[PDB]
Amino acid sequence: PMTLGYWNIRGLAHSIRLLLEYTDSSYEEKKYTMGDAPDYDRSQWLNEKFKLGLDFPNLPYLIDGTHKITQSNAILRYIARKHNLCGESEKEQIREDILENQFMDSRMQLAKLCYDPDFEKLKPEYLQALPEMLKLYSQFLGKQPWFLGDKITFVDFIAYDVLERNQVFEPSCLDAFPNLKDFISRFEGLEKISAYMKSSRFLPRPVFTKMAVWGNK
């Protein structure tokens, strides 16, 4: 079985976990636990960090026998290639590359906020900009079932994580955007995703690490 190493949270493994489940991948999780405050003791990871034979040791990581992979997008692409869940044409590849990076910027905006000591002061401005961020995603998806079009690919798994987690942050945020709401349902309704989400494994919380101001538990 493949090994997926990450913190015992949602974080950056969510899309990877879902993709692994969707693709019916044989895998098990190496789950590291961060200590509490004031420590935020990381030693579980730190001890074996340099022992896994990763070129750029990091969480998350994927071990698939010969292949040892860090960087969450690289893991996602790796698995997506293995199961034909990639953009094929130029137009699709362009769309894929734009989305992967754009979603990453959006992911990180929410993380920057929720780790910021000034969370309470900063929250409103983020919610001001929130509709415009969703609007661009909505326009882009249009009437298509999936972000690259007819066929589901890896970005849809990124898409879901970042869009859904906004909906856990601000529950009403997708209300203006019916196609994004339908996207969420489509995704969660997928036979394997649905089965997973009802299983003991599913790990939708905590969103962030114990160091977070919001979503630490």
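Residue numbers here begin at 1 and follow the sequence given. Take the two forms, find the largest set of C-alpha atoms that superpose within 1.5 Å, and that set is the rigid core.
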item	value
Stretch with larger C-alpha RMS deviation in 5 other deposited structures of this protein, core superposed, 159-167 versus 34-42	34-42
Which of 13-21 and 205-213 has higher mean CA B factor, as the PDB entry lists it	205-213
Which of 129-137 and 97-105 has higher mean CA B factor, as the PDB entry lists it	129-137
Which of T153, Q167, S185, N58 ranks first by CA B-factor in the deposited coordinates	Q167
Within-chain third of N47 by Cα B-factor, per the entry	highest
Entry-reported Cα temperature factor of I63, expressed as the chain third it lands in	middle
CA B-factor placement of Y40, once the chain's modelled residues are sorted into thirds	highest
B-factor third for the C-alpha atom of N84 within its chain	highest
Chain thirds of CA B-factor: placement of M34	highest
